[PDB]
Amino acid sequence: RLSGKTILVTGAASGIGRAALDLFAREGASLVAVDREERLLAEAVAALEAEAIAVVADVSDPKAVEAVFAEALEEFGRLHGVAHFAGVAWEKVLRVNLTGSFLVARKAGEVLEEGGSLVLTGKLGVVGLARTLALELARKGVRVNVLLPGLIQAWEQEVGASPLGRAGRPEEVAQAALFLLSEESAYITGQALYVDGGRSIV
């Protein structure tokens, strides 16, 4: 489903980030795994049976983002997708995540080739950013979409997390991201897709 493609993954040492790396590798993708946590990221990539590199970086820093995408292109020549999980990495932390989403999205926009796919995570905020870039980048054929996980994994307390009576699994968010990066979703851009068991149905 991702054979022949290079995907850059931010927040790749995180629970969800890691489930994505594993699923994308089994589906034939080559990977640029990016995270600020050096120790866990080194472990995450070592375990893969795929063509992969690990890049230590702070994606809220404009110079480090510039460096990250240059290394990806130097190694694999061409970038086909970006799954931005650091968008889900309390007031100041949210502001810094928004700054990182902006910087990764704009750089992905310039660097991604025709038919490429940008998946962000969360008119205003990350959704407004995705829809604005979806319009700017449709000329290149680049698709821009957003994934909004709900509560992702005592067992009884989790029943109240969503109408479906459970919390989500990291692998389920990773599965939504695969759909959106793959050629199965070539005509889908500007979409906000909730992976939350119905939690946001209000």
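Numbering starts at 1 and runs along the sequence shown.
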Point to revise | Residues with no coordinates between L98 and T99, taken from the deposited sequence as a class | key: none
Point to revise | Extent of unmodelled deposited sequence, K123 relative to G122 | key: 10 or more
Exercise for review: Would you tell me which stretch averages the higher CA B-factor in the PDB entry, 69 to 77 or 90 to 98?
Suggested key: 90 to 98
Check your understanding: Is the mean CA B factor in the deposited entry higher across 59 to 67 or across 130 to 138?
Key -> 59 to 67
Exercise for review: Tell me, please, which of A174, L31, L41, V144 has the highest C-alpha B factor according to the deposited entry?
Suggested key: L41
Exercise for review: Could you check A52, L148, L164, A47 and tell me which one carries the biggest Cα B-factor in the deposited entry?
Suggested key: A47
Practice item. Within this chain's modelled residues, let me know which third the CA B factor of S3 belongs to: lowest, middle or highest. Key: highest
Check your understanding: What third of its chain, lowest, middle or highest, does the C-alpha temperature factor of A12 fall into?
Key -> middle
